[PDB]
């Protein structure tokens, strides 16, 4: 209820097929603006900002509550409950792909389908597991985020976008710079702490894992790992371009994959 307002919840479009757009680290719901008109004809679209988004009042951020991704799942569920939507497809980027996986396990009745973009179950390497990151690597990043947040944000943006698409760099920079630096580091620590490998078989929803040709946070082998471990019917749909933010850098191509993934659920 207060959440509806606090997280800037908007419902646009129309249809018996409800879809939730749940954005990732460093953006807010506006990151979906380019793909949104491809879904508005056929679906009722629910959009919201994560409590850590720069567009949400940062004094809402309770540092103890959001120690864990469960608390973000709480909000998502409270949002859906407030709207009396008893079933939906969910599209999650980055940290929201993790949020959607947890939410779909807590409420399988609610999530008829997942679509996972820039998704990983764990970023740290492990004996037989290639996450893409070692402990020293992340720690260097946490240390830069505190030392000089704006320099870190300026160096991270182009790498997240991956392809040379200056409009996407600038737009990802604007939301990145809009995050309160202490919140931003907090979320980044939470995410890099998270390990969903064990609960992947608990997801019952069909799922589409969207793979780009390169992702600074998601090595090539992670998608085939998700496909082999998610417990519902899972496919990996491929974009012919690179980057961690395709909804900013290749929105037309992403819109193709979204229309197809959201056809039947």
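Residue numbers count along the first chain shown, from 1.
- The PDB entry records a higher mean C-alpha B factor for 14 to 22 than for its counterpart among 243 to 251 and 14 to 22.
- In this entry, the higher average B-factor at the C-alpha atoms falls on 124 to 132, of the pair 124 to 132 and 104 to 112.
- Taking only the listed residues 40, 217, 211, 33, the entry reports the highest CA temperature factor at 40.
- The residue among 187, 82, 117, 98 whose C-alpha atom has the highest B-factor in the PDB entry is 82.
- Placement of the Cα temperature factor of residue 93 within the chain: lowest third of the modelled residues, per the deposited record.
- Compared with the other modelled residues of the chain, the Cα B-factor recorded for residue 177 ranks in the highest third.
- Compared with the other modelled residues of the chain, the Cα B-factor recorded for residue 145 ranks in the highest third.
- Looking at the C-alpha B-factors along this chain, the one for residue 67 belongs to the highest third.
- Per-chain ranking of the deposited C-alpha B factor places residue 163 in the highest third.
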